[PDB]
Amino acid sequence: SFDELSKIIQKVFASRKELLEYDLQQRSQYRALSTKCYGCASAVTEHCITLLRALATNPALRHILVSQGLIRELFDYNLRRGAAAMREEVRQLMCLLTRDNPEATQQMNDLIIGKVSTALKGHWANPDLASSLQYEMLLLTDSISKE
Amino acid sequence: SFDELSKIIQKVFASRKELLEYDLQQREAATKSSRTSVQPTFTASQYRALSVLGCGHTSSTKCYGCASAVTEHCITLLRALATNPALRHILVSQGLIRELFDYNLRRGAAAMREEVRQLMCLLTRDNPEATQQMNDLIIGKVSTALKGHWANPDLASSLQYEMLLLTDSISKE
């Protein structure tokens, strides 16, 4: 159904363009003369992740970004969603963001420990609670890996 | 693999039974030949116990399936026993509701889940204190989930059973 709709939309767009060109012929600046796209938003997120990973290299930029508090946003929203490669890249970016910032390392460790303890509180009650801790553990392992 | 192992185990059990039967027959014949050896008459219970009849009537000790069957039978029995109002009050005093919500609420087959929900509803049929306790537990779990709602899609994903139980409880006037 999506393929059929896309083909119909392309044909309609072509017809509208032809009609507009005919009407204009009858009648920088010369060159001049979707929002709810989940895929587009995901691509924007991936590009932003790549750009942040790049900008992380400048240590002063790293301190500035840490001041911006991007660590909490990354852990909260982008940590789990997205592709597996996106997940690995995000883990790498989080590691790099805590390259040598002791306060940042403390904050990240605090967040991870808090999530783990909150899960462990209801461990006897919810198997899914244990199931939904994998990403945090992988992040901790990755952080420990980088000396 | 399980099928092959089961077939092998069954054959082995059969062979062991036959060998035990032959050895016991030989031993009994030897005892009978001994004139000094007096034949021990066995009471019916003793005969059944000593018989090779009581050899293959159990599952494995750590048989998850056997434990599950035991749990299902227990659930059915408790659902039945709940009928007597005094029995209901006594069971609520035993505090079964917490265990039922904690462990047996989610696991098991769909029919088991529906039966557990029905039993939970029945247990709080008219006990105001029990109804308050169950509502408190449900609301607490829901609020705890909602606290991290903005962060965990799985948290939202893991509240269906509680909501179904609440709907069922509201259903029975």
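Residues numbered from 1 in each chain as written, not as in the entry; some residues may be left out. Chains lettered and ligands numbered in written order. Part of a larger assembly, values for the part shown. Heavy atoms only, no water. Residues with missing side-chain atoms left out of burial classes, pairs and counts.

In terms of determination method and resolution, the entry is listed under cryo-EM at 3.4 Å.

1. Focus: the overall build of chain B
To keep things clear, this is the line we draw: The way it works is that DSSP assigns letters per residue, a run of H or I at least four long becomes a helix, a run of E at least two long becomes a strand, and they are numbered from the N terminus. All radius of gyration figures rest on C-alpha atoms, and the globule criterion is 2.2 Å times the number of residues raised to 0.38.
Counting secondary structure elements, chain B contains nine helices and zero strands. Secondary structure elements in chain B, listed N-terminal to C-terminal, are α-α-α-α-α-α-α-α-α. Expected size for 173 residues packed as a compact globule is a radius of gyration near 16 Å; at 27 Å, chain B overshoots this value by more than 25%. Over its C-alpha atoms, taken along the principal directions, chain B stretches across nearly 85 × 45 × 20 Å.

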